[PDB]
Structure formats: C-alpha cells, structure tokens
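According to the authors' numbering, the first sequence holds residues 1 to 393, 404 to 1315, 1337 to 1424, 1435 to 1588, 1594 to 1612 in order. Everything on this sheet refers to the single structure shown next.
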Amino acid sequence: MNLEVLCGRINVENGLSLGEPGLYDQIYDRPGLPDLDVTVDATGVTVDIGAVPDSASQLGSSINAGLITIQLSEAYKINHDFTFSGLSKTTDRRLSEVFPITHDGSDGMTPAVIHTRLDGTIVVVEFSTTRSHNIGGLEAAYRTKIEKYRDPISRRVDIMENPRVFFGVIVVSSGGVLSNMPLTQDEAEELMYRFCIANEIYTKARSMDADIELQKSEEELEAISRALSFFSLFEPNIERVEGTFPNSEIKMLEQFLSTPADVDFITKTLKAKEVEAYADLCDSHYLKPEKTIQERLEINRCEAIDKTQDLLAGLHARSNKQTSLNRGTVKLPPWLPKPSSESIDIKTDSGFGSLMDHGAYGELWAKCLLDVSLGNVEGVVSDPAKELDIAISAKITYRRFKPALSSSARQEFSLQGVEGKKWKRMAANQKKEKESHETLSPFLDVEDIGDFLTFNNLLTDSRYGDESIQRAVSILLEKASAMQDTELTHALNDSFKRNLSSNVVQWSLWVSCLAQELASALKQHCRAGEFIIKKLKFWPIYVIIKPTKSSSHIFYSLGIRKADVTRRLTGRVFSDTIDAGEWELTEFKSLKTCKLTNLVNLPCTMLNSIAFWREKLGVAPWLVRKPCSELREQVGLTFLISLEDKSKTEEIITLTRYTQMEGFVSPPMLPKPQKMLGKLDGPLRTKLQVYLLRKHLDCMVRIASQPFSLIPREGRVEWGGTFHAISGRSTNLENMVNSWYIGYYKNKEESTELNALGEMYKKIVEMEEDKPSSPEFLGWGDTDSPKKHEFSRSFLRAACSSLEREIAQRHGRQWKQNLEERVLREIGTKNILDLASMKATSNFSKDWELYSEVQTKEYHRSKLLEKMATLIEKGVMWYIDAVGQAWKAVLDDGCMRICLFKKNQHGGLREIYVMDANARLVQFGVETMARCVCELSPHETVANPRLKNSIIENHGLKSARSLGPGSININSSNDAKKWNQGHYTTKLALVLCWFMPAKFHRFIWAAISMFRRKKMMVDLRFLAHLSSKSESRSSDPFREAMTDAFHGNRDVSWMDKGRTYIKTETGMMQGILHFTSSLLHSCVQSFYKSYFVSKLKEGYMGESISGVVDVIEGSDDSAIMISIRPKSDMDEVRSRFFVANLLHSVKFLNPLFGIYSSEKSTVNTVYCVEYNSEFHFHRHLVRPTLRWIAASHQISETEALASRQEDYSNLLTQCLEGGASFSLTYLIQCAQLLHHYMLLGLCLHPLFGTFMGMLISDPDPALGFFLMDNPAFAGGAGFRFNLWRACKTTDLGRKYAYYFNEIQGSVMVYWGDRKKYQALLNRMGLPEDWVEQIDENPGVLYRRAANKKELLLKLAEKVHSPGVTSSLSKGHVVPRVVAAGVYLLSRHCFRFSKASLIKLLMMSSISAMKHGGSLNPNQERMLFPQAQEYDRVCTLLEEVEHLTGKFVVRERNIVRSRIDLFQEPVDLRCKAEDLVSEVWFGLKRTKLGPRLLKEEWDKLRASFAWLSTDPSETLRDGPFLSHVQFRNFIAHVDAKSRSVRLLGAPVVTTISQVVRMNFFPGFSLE
RNA sequence: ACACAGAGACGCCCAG
RNA sequence: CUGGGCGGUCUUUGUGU
RNA sequence: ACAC
RNA sequence: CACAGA
Ligand SMILES: [Mg+2]
C-alpha cells in the first residue's frame, strides 16, 4: 500500500492525461472486524483497536493495534483521514511548489498528496469517501473532485517546462471503489476494509458526544425532528387492531424477538429432509440398484412416452372425437393482385347475372355492383378535387346501400353473426351455437400445416418492383438518405428493396390497407339492411362492410375479379373462397378493435423477420441466395402466429423453453422434461394448436432420451446437438435460444371479454378455501411437516440471523444506527405533491357493497391527484400530516377496499390490484422502510440493479482466487410458484420488524395487519349476468361454486349473498409488498448459503471438499452457483454426487419458510445459469434479440409530429443494445420509416402524392419527413444527433436562420380537443393567474413549498406540464392513430405555435423564397449544447464509407461492453439550476465555498451578458416572458451525455473498434 | 367469424 | 315496424425499476 | 422496454 | 483564506 508503487505504473505521455476511470467491487472474502473501544474526550477521540483475525485472508495487514488519539477539532474527517493513512507520508502541498504562479487566486489549493517521480513527472492524487450505496453517489463525488482542480491544473500546464502531469482520483465507499489510477483488487479490498473500520469509529464517536459532526442544514434538521415526533406520538390502538383484524396479537412479535431458535429441532429436521431428498433422488432418477447411463436413459424414455400417451388419451376423451376438419388458420384469401393505377373497373356486365344465381353471397354482390354501376360512386373511391379545395381554402362520406335480400340469404348471413342477435332463437342458429363450444381432438389430421411450414413460396420474388407503392417508398427513402450518400447506404437500401418485393410483403401490404380501412370505418353506423362498399387504393379489391357499434365486431366480405389475380400464395392453410363465374368472394369474417393491430403492422413485421433470420443464419445483407428451408420454417411460423393471434398458441410456444433447458442437466441426474405436462393440458380449439402441441410432445420425448453434448474444444465449453423446438431441425445455441420467443408476436394488448373473468377470480380465490383452521403454525410454534400456508418460527429466525451476520460483516457493527437516521430523513422530507400522481385509485366504499342498491349506478375509477388536491386544499402539506388521518379512516373501516382488472402481458393470467387513497398512503411508509433495509443486502437485486450483472461475473474470479485454475462449476436456476397467495402476512411483518430500530415496530405491525381483511370488488356487468341465471349447469366446479355462493345456495368463505365483492385473508398482492417479499427471499438465500458452506466443510466421510458458494435473488427468481475443485477422477464423481444432493434438497427445505418450488427450475446444470431472462452459457452471454425486435412499432400517441421520431429512436436503441448488429439495426429503421409514412396516410388519403412531391423539396421534421441514421452507426446516435447533422448539409438551418432572426429582429395535433384534460382542470378549481403569481414570487420553482398557497402554485404548474399533458390516452394506439389518416392532409387539425398539413407546407414554402443565411455557432450552442462531440463523431465515421472487408473466423467471448460516445463538455462545474438558485435565494445547494461560485458565475455570464444577480431584472432582458419557461430552459441547457451498452468481444479507439467489428457478425469491416 | 372446459358479444338511446 | 341521434365514448391500466 |  | 461532504 505505497503511493510510490502506485505512481510507478502510470504511463504518462504529453501534458495532462486524464485516464479512463474504472470500478472495483467487493469480490474477495473479508475477515472479521477487530474490536474497537471508543472514548471521546475534550482532549480528543481515543480509540483502542484489537487485532484482525489471522487466517488465509491476509487482508487486514495495515491495521495495527494499540491506542490512537484524534483531536476534536479534526474529528469530523475520520472517514477521510483513517482510510487514506498509509498513503500519506509527506504532508500536504499547495499549487505553488511544483507549479508556477499564475496570479489568479487559485495558487493555494491543496490537492491531498503531490508527488514527483525520479524522471521528473508530477502526479497528484486526490482522495474521497462516500457513504452512498448506489454507484450514482460514487460517480457524483468522482466528478466533483475531477472538476474542482482541472482548470487550475490545465492553467499551469502551459507555463512550465513541457510538463508531463497526471491527475488521479480515488473514491472509496463500503460497496466499491472508483479510481482512474492503476490498482489491484487487493489494494481496493484493503481500502474498503479500512473505510469500514473508520466509519464504525465515526459512528460510535458521533453517538456519545454531539459536536463531532458539522452543521446539518435546517431543512434536514426539521425533517428529522418532524418524523421523529411522528413516530414518538403515533398510537395505533393495538387493542382495536387485535379486535378487528385476524391474527394480530403483539404478543406474537414480542415472543418472536425474545425466544431464540431451537437448534436441536433445526438439526433434526435437516437430517430428516436430507434423507427424504436422497430417497427421492434415487427413486426418481433410477440410481439404485446399479445401472449404467444408457440403461437409465432407456428407462427415462419409456416413462416420458407413458406420460405423453396418458395426456393425449385424457384430452381425446373430452373432444368431439372428429378426425378431419374444414377450418383454415388464415381467415384471408391467398390473392396476390398486381398493384396498378386506380379506377372503378366493375363493368364486366356479364358478371351481373352470373353472380345473381350462385348463392346468398352472389345475390348480395350482384345487388351491390348493380347499384354502384347504376348510381354514383362517391365514397367508393375518395374524390381528390374537393379534398384539395378544402385543404387549400371531420365527417367523411361513405357509400351506403340497402340490398333487397331474401329471408334465406339473411339467415345464411346470420349464421356467421352478421345480424345474429335477432336470429338467435331459430333451429340452425341454436344448433351451430351449441356446436361452437366443443374442442378438437389431439389426433386431428394436421399435415397441411406441416407441408406449408417447409414448402411455401413466401420468400419468392414477386417482380413488383416498379409499381406505385414501391415507387413512393423508394422515392422517400432516397430523399431521406441523400445527405449520407455512400456505397454502404446504397448496399443496405438495395437489400431492403429486395426484401420489399417478396410475396409475403406484397400480400401484407394490401392486408394492412384493408385493416386501416376497417379501423377508420369502425366508428360509423348503419341501419338495418345497410352495408358499405369500398375500394382498396392501388389494388383492384372491393370490400363490403357491416359495422355494429365500434366496441364490438365489424364484418367484411371481399371480392375480386378472377382476371386480376395474377399470383397466389400457395398452401392449404387458407380459408376457401367462392367462385362466381368471373368473380371470387369471401364469407363474412369478423374483427375487433384489439385484433387490428397485428394486421396493420404486418408488412413491417415480415420485413424485420426476413432480415433478422437471414442475419442469424449467416447470410450477408448484400448477397443473393436461395432460402435454405430453415429460413422458410422460421419465417412461416412467424407468419402463422401473427395471423392467428391467440393466447393458447402463444402459451404452447412459450413453454418450449422450460422443456428444452432440461437438456443441460448433468449427471448424476437425468433430464426430466415430462414435468411440463402439468401445464400442457387444456382445451384445444385450432388446428394450429393441435399441430404445435404434437410437435412439443415429440421434442419432450427426444430430450428425455438424449441430453445436449458437452465438449471442451479449447477449454471453452460448447454444447452440441441443439435443435429447434418446433421444427426439430438441428441448429446452434443462439438460434435455439431465440426460437423460444417466437410467441411474442402475438398481440399483448388483448381485450378481455366478459366471458373470461371467472378465470381471474378463480386464480385469486383458489387458495383462500385452504387457509389452516388453527393459527398455531402461523407464527407461534414449530412444525416439521408444514401445511399449505404455514411456516416454522425457528427456521424463520435462523434465516434472519444469518442475513444479519452478512449485513454486519459488510457494513460494520453499527448499521442499525445509520439505518434509523436514513429512514427518518426520507420519511420526514416527503410532501403530498410527491404522492400526487397520474395513477388510478379506487372509489369502492361501503356504498357499493349491495347489488340491490347498485344496479342503476355505474362504477368508475378516479385518479390520485384528485384526492391529493383535495388534501392540499384542506390544509395538509407533509406526508406525516396525512398518515395520521389515513390510518384512522382505515381502522374505522375493517377493509382494504380494492378493485381489480386484467393486465396485458406475454406471460400468463396476471391480475392487477388497485388501492384507494388511504391504503396507498399507509403502504407508502412501510415500502420505504423495506426498501431502505433491502439496500443494505449484499445479494438482492431489486434495490441494487448492478448486482444482477456483478455476482455471476465475479464468481469466476472469486473461484479462481480461492481454488486455482481448472474448477468445475455447478448451478441451479430456481423459480417459485404461487409467490403471491402463498405468503401469510405475519411472516413479512416479523421479518421486517427484525431489522428495524424498535421505534417503528408498532407502526409496521399495525400497517401490515390491514392486509388480513381485504375486500375486492368484482365487475358490475359480470354480477348482472350472474344474477340473471339462478343455476349454473357448468362442468367447471368454480362456475357453480360462485353462482351458489352469490345466490345463497351453498356457503363459501369468500363471497356473501347479494354482495358485490370477494373476501380474502391469505396472501399478499402482486407488487404492493415488493420490497418486503424481496427481503424475505434474501433471508432464505442467506440461510441456504451458510448451510451449504457448512456441509462442504464437513464433507463425506470426514474429508473436506474445497468450494465456493454464490447466491443471488430478486423478488421471486433466484440462482445458486457452486464451484468445486476435485483431486482425482475418483474424487470427482463423488464430489459431484455430493453437490447434486446438496442442490436437490432446496425444494424440500423451501416449504419450511412458506415457499413452494415451481416446476420451471432447472437444477444441477454445469456451465450455465439463467437468472432474469439472461442466459450465461459459460462465457457466452446470450440475450433474446427477438423480444425487442418484435416490439419496434409500439409507438405512443404523442401530440406533435416531431415527437414520433423520438419514440422510434428509443425503440431502435433498445433493439441495438439487445444484441443486433449495425446493418440489422439500419434495416429495422427502414421498416420504421415505412410504418411512419403509413400512419401519415400513404394507403388512405388520395392527396398523399401531392403532399409527398411537395415535401420532397422541403425536407423538414414536424412536416412529416423521416431522418435516417448512418449505417455504420445505426442505433448508437439519437434524434438530436440526426437533426444536428441534417441542419448542416441540407436547407434546414437555412430555414432555422429565417425563424431565428425573425425572433431576434412545432406543429401540434390534438386528439380529443383536450376535453378530458379540460374537465379534469375544471374540477380542481386552481387559480388561472399562477403564471403571474410565480412571476411576482419566483421562489416556488427552486425552493420546496412552505405553505398552502405556494404548494397550490406548485401543483398548478405541475398540472400544466408536458408530462401531465398526455396521460389520458387509452390503449390500442395504432388503430386510433391510423384512423386519423383519413383526415390529416386536408382538415384543420394543427394549431401551430388551425390549418391542414398541406396548408402549413404551403405557408412554409411561401417563406422559402425569403430564406436568408445559414446557422451561426453562438446560437448553434443554444439549439444544440453538444455540438462539438457531434462533429468529432461525424468526422470519425467518414473513414468507413465502402463495402470492403473480410470474413474472419469469429472468436467466442461475449460480454456487456459500455461505450461512451458523447461526453460532457467544459462548462461551469455545477448545474445551472444549482448555481442560479444558490445565488438568487438563500440555499446552499451547490458544493462550493463563498469565494468560489464567483468564477462560475462570471463564466456563466459569458454565455448571456444579460443575466444578472436579480431575478426580476434578469427576466425582463432575455427573450423569455415568464419564469415558467425560464426555469424550463435553465434545466434544458445542462446537457446530458449519451451512453450505450453493447454485446461483443471484450474491449475514441472503442468507437472505431465497435464500428469495425459489429457491422455483421464474423465480418471485419475495413 | 370472435370469446369460452357452454358466465359474453353479435349494436345502444329517444320519439312513435 | 317507421323516423331521429350515437366518440379522446368505458372496458382501461396497480407497485417497482 | 423488463419484471412482479 | 483553505478544508470534509448521503
Ligand atoms: Mg428463474
């Protein structure tokens, strides 16, 4: 630990060098903490020190024993003194010794230790310590130290003799170290250990006396005093709590904390559970008696075959037992008409008779065509002339007709649902309605799907390159890519245009246009017998539409002449059409609002799929080949999932992951993928579902027969024999892993019908009927064979003690006294305005409890800011002032008063719980306490987001350190089932009260007791229909149970008669107690870790195995990693058997804590582990790129045309950092461009040609023009970078220069006319002169509110914010946004800071002749603060502009790699908000002295020269009228750095290296 | 056609 | 069985990061 | 965008 | 004047 040795390995070159910083974790094991006795005297602070326990943990050599004194005047820096002693031997120096005198007042600063080497270099080191657990605090301290001295050093680096100076920073915390100096892990560990000692000393010293610390600010002192008074004076009426809520005796907590654990009971139970787990292992894995590996695999195959046949036979008995069907998976025709110019060519004039005698559809279509040919055509094709007139100078006219249909044709239509409510009592309708409820047989003949998936023609070229829609897209793309004109861009554009002419994309284009037509026509209405006829705009296809109500189905039938169908998609998966002579017709299918999204997004989805799988198979995006049939299978499967769009199919595909991860299990265990048949049964309703289930069962038996081969080709580990789960084709690991996520193409945002809420209610109440009768094992005593909800007190206390051990070992032996202070501070500092959010709250009370009184009323939810505004207007400012009344209200009730709804997710059947105001207020405090406690835990990853990347990676270094090279790693990924609903809440209350300072005990106990009488409100329409029918007659038991409970036949415990709600005592809810559940899981993991370590220490037969144990856990996911080191091949088998036994008993020990292990746990896999959808295959971290690629169209509604590109950029960056190469990301962006122009009206509006030809001359964002990125850096740089680079090459800054000098001498479209927002503002009653009031008192924008009026102004400003502006937007963004493409370029929709887009383009072009000058740098800074790094990066990317390179045999070492591409420039050291507030008001917000800040103030003056010390005079000089935008721009000017993390080989050279490598995998660009 | 181990939707409101 | 109306229409969006 |  | 910094 020597400063000379530290400095002797610094490669100083040229003048000042500022080497890149780096981070060190707490990787190595640390010994015990020595004894510390502290007595603080007026003479000084006297400390005695024991001795560090000597072991094979040499860490702790710098600590010496004996008595140490510290003076009282210097006792406020014990942390900084004691940590860095030993690196201090020659005192402190000034900026005068080795540096000259520049006569500026900066001569005199003392930078810790200044050292000059024998060569003559000068290296200055600076030290800092921080008590901040997150890495943000270390980053902040590092930055403030590196900005305190950089100017005084770069000032004198020019006077002296051609200097070579290095500036060094070392920042030390309890967690880690951030230093830009070279350093060793051991040096880091030593510094952190010393800091732990020093902080313990400081805490003990500051405890006894009270003058050691310096002065806390008045705001902090007030906050702590306020919270402490609240917790001293809070009395929650424990007698009433015991009377009201069940199992709420405080005696339970007292006895839990007083009675110790029963160690004899613990060890006896541990022996019993080990024996039971060993017996289960031998029985279920056929280990005894004495069979070989193939002889056991041959039995495993037989068992899997038996289970599969049993499941098939079970499902077949509940079907209609049919073996052939006539359904089709794709409900759309296979037509591929050639796109041509537009004219209504129906006048075949011979088809008007051949249609008339072909059936009901023939009659309908003949009537329609005859009426159109006789009559007018308005509505069928939109009129350009009148629309152009209205644009230059929104009810839309549609063509409606009433055919004279007969009763036979009407009945035949109604069989398909067209007007089937008035025909629902006939014979055929009732028969078909009964027959629609049956499920298919597992033995149905689905081979058309099997042939289609391999032998289609989806990827064939359609030869439709030179058509209208292709020409439009190509024109816009070339204009967008004109500025970055290079051979690279030309190659990628040519590849995209090749993919745009394939058969599937040509199909998806007209499918998407039809879906957009339906989305627009959803909101119309028709009378009885009315229909709507439409043409399809570049395609000769006619559609008849029957809308009902826009919240229900819409029916459509398609018609095309046979001469126009040039080509067809081949296959037998399509529904069959009607031949009517010269026409083809279709039989009235239907759609909904929620099922239109996939059809709108289909062309872009198919384009992305083609590009992605071509990249994954190794085909470069500039070569032309033939499809390899694996490409066909993957793309066809994507197609079929997208078009079918059903939850069951998505769920059958998703489960393949858990059956195929079972092939990584190593000996002595067998792969058992047959445990996933528990989730596989259920009703089958489509042929595609039958096919997928059969393929999945084949995959299961194949995996059970043979595991994945593990071969050491280099020392790195690679697996062989992998395959696609559905196709069965052999592949590699990455393609197999990505194949598990194909089901994510199904539309997540799915409408739930009222038919399917019983499943959610069933999942909620399935455990309540199981609650134990006696409360003995709910916290009082010990049991060894626990029931469903019970747990053992001794084991709970053992786990708590173990986690406390680890907490003390990391944070020192006074962690509780620091935790108390942190919790008091964070409770006292909060106000109501922090709570007031845009979030739903329940109105359910004791007025909606009786369905007799409810029927006429309609239940609605409110938003949280309404109730919070009520509180603020009452006279409540602080959260402490609100909890006291919220709890009293809750205790006056006896309920929790929840309402429910369903979540949209790619998972299962997740339900959502919504609370009310008082419940939210009470829960806030306990959640903040639990979060503060979880932030200390060293293996929890909810309060520590870096630990989910740190632990797994550092395990290898720790194992190498403690065992040497060549060690076997053995893992276990664990998942928990019924996580919520398995937890009784007394458990969480006890575990949280174990870790808290005993003044919070009563509040925590009373706050958590209220979860034991919940009342959840069911849906009123569901209740109406359930009350309509007295008897249930259903085969599912839950239906009749609910009916009889609500009507009073039987008695269940969760529903009363005539009520509107469901009661439940057991179980927490999903997400309400996130941190408490995480803390409990951390305690359990710590118990397992100590247990495994002790077991390894006393190995088999008494000999000791040497090993390393690592654990990690979140909320319900966890992982265990063990590394062993055996001596010989005889020892290896027995050590691995011992480890397998150790990892197998987790599922047997879990029930003791109230946790149940799921069937999705992959136990005993050697060189792999998965924790949170991240798959660590030895040294080949894999992510599923397909998950984020399938979500690159989920845009937001936005408000301005120029904020759509920001959303597209966010999605693109997600895709790139998910593991996509730059060329792939550029192709994804081409697809996003097509999506943007389609929502702007490409396939709807007739005037898009004129608008596009008039925009291609004036390429401006916010007039709809799309800006493309550079292919070499596709996703790295954002929209601001693209705008900056576009204003400097084409005529945009020219336009901006017109707009600038006209100011010195943005085209919003509203969606609802702000009706809901305006009504929300009307109920609040806020002052409308708030702008004037904050103009006359500006302290509200920088200083936290201090009275009711200022808090009112704070809220009033908050509720006019851009964030609050768009939150009343409901779901299904794509249909609602694409519906407005009908009235976009021709109606008065924009209010520029109303007119149509054509009109605004005309105004801008009329100003295009007065355009003057290009942009100037001084205000280029004002528009773009980061305008220097932009030029540096733009200049770096011009070396790569061609398509020359070589294919290299790729190395396989994949890791996250952070890239900083835009840094922070050299401005005033602080933030502008901080500095301005500091000078303008009395607020010590910035961290500089009194003589300081004058330099920063004068340097800030250079940018403006009008800014002054007075806010009032400052306001009247600048170009800003009001402080409300003054503050906005002050926050804006502080520029933000952009950083991106990547996937690739470990690594301004970084930018060039990633540009070279990650253009295409295995290709070295230039 | 959608939803569902048969709980729903297939238009609603007003005036005649 | 005639006429007139029906959109940011609610369903619908919880806790954390 | 991820989890619960 | 210069120090330390949840
Ligand atoms: Mg897991």
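Using N, Cα and C, we set each Cβ at its ideal position, and we do this for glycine too.
Closest by C-alpha distance to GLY44, out of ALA1241, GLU74 and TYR1308, is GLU74. Between ligand 1 and the CB of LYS432, the shortest heavy atom gap is not smaller than 8 Å. Taking 8 Å as the cut-off, the C-beta of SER232 does not count as close to any heavy atom of ligand 1. Inside the segment 535 to 580, DSSP marks whole beta strand (DSSP E) runs of 3 or more residues at positions 541 to 545, 552 to 557 and 564 to 571, from first to last along the chain. Of the other Cβ atoms in all chains shown, 16 or more fall within 10 Å of the Cβ of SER1437; this residue is therefore buried. Comparing C-alpha distances from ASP926 to each of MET1027, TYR771 and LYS338 shows the shortest one belongs to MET1027.
For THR1074, the uninterrupted beta strand (DSSP E) segment begins and ends at 1071 to 1074. At a Cβ-Cβ threshold of 9 Å, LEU23 and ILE135 count as neighbours. A distance criterion of 8 Å places the beta-carbon of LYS1170 in contact range of ligand 1, judged by its closest non-hydrogen atom.
A direct Cα-to-Cα measurement between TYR566 and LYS1379 gives close to 59 Å. Using a 10 angstroms sphere on the CB of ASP25, the tally of other CB atoms reaches 16 or more, which defines it as buried. When the Cα atoms are used, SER1400 and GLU1207 turn out to be separated by approximately 7 Å. Taking every protein chain shown into account, the CB of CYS909 has 16 or more other CB atoms within 10 angstroms, so this residue is buried. Looking at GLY1068, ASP794 and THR938, the one whose alpha-carbon comes closest to that of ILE266 is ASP794. Exclusion of the five residues before and after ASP1054 leaves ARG1060 as the residues of its chain whose Cβ lies within less than 6 Å of its Cβ.
The C-beta of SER424 has 16 or more other C-beta atoms within 10 Å across all chains shown, which makes the residue buried. When the five nearest sequence neighbours on each side are left out, the beta carbons in the same chain lying within less than 7 Å of the beta carbon of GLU190 are those of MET1, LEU59 and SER62, in order along the chain. In this structure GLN933 touches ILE1082 by the C-beta definition: roughly 6 Å separates them, less than 8 Å. In the same chain as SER1168, and ignoring 5 residues on each side of it, the C-beta atoms closer than 7 Å to its own belong to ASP985, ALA986 and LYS987, in chain order. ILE922 and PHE911 have their alpha carbons spaced roughly 6 Å apart. Closest option to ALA141, judged by alpha-carbon separation, among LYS547, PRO452, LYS1528 and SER343: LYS1528. Beta-bridge partners assigned by DSSP to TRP729: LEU720. Taking C-beta separations shorter than 7 Å and ignoring five residues to either side along the sequence, the partners of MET1079 in its chain run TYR923 and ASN990, following chain order. For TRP520, the enclosing alpha helix (DSSP H) begins and ends at 513 to 531. Per DSSP, the continuous alpha helix (DSSP H) segment holding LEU1265 begins and ends at 1258 to 1265. 9 Å or more divides the Cβ of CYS196 from the Cβ of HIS949. Counting every other CB atom within 10 Å of its CB across the protein chains shown gives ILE293 a total below 16, marking it as exposed. Straight-line measurement puts the Cα of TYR202 at about 39 Å from the Cα of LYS1540. For the pair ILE1134 and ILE980, the CB atoms are nearer than the 9 Å cut-off. Residue range 1185 to 1187 is occupied by the beta strand (DSSP E) that includes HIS1186.
When the five nearest sequence neighbours on each side are left out, the beta carbons in the same chain lying within less than 6 Å of the beta carbon of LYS1067 are those of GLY1058, in order along the chain. In this structure the segment 1210 to 1227 does not touch the segment 588 to 596; the number of beta carbon pairs closer than 8 Å is below three.
If you look at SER207, you'll find it in the alpha helix (DSSP H) that goes 185 to 208. Here DSSP, grouped into helix, strand and coil, assigns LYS987 to strand.
Residue state for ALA1210 is assigned as strand, using DSSP reduced to three classes. The beta carbon of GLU672 sits no closer than 8 Å to any heavy atom of ligand 1.
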